[PDB]
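To begin, one chain is listed below as structure tokens, in the form deposited in one PDB entry.
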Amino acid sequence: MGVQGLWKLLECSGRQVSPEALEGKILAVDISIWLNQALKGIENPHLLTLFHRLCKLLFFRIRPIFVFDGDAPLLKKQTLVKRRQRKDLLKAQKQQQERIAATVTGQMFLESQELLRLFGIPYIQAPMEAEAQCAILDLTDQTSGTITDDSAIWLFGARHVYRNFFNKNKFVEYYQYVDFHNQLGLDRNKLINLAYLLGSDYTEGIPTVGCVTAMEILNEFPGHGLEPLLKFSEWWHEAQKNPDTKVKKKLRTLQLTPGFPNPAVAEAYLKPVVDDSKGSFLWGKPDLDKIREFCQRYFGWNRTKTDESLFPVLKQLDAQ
């Protein structure tokens, strides 16, 4: 999700840790990555995965806050419209394609929230981007960080990220921004400029521009904030207009969108819509009896089958 493979660049800034390290931490959990994965495709396997995942969290005495997406921002809605209409090649025919998609994500929102309530796990509906709201819970010190596999959080200014926390590999990667800012020399603004080139949810990139081509462009036009891309654009708009060899001749062959770099994109990552207010989050003891019913209704699980998974979690919670 987000950018094509920003994770590849950050590999070397990631300490591996044991789930046991996360014990006691308040952590934002991004559920929107799960919702999206499950939207494509045994009955209710999405809920089963959520069920297991919740057990892992509570078993390791993590106090998670689930964050669901609010309204999609303008740039996102626009870039999804261009890109879906670039893949194909009536006006109310796609309006029905978005209405069925909106009920399916609508049920899945409700089903997940039910399960969370039952496990005493608090959730919030972010205003805009969950990732951004998770990022601001991070910055306000309301969480000790975010559990997500979406590299986008970094662009919304996340400090602490736990990645691959739900994997068949089962090595939890812990990243802090501070460590990749010092060890790979990669700041927030550089990561944003990379969005502009590699392409993101807020902007399509430049077609033939990979991790390597992109980094070359930022090293070729050193600057602060958006300056590097502004100089790149100026030079390119000037090495187009006037028809004498130079090292980064590769760039002359690239063809960018007219308004690039549109500062609206940087603005959306830098000053996103979020709830800065200090919230009162609570954590309930899981309603064993109501989870048994849920598992009966959704998985067709007898009590015992539910109990097999649930008890180890509960007994594991009743030590400090």
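Basically, rigid core = biggest C-alpha set you can superpose within 1.5 Å across the two forms. Numbering starts at 1 and runs along the sequence shown.
Quick note: we don't show the form deposited in another entry, though the next part is all about it.
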Only one of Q113, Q125, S144, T213 passes the 2 Å C-alpha shift threshold between the shown form and the other one with the rigid core fixed, namely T213
So that I can tell if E227 moves, could you say whether its C-alpha shifts by at least 2 Å between the shown form and the other one after the core superposition? no
Spell out whether the Cα of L256 moves at least 2 Å between the shown form and the other one when the two forms are superposed on their rigid core. yes
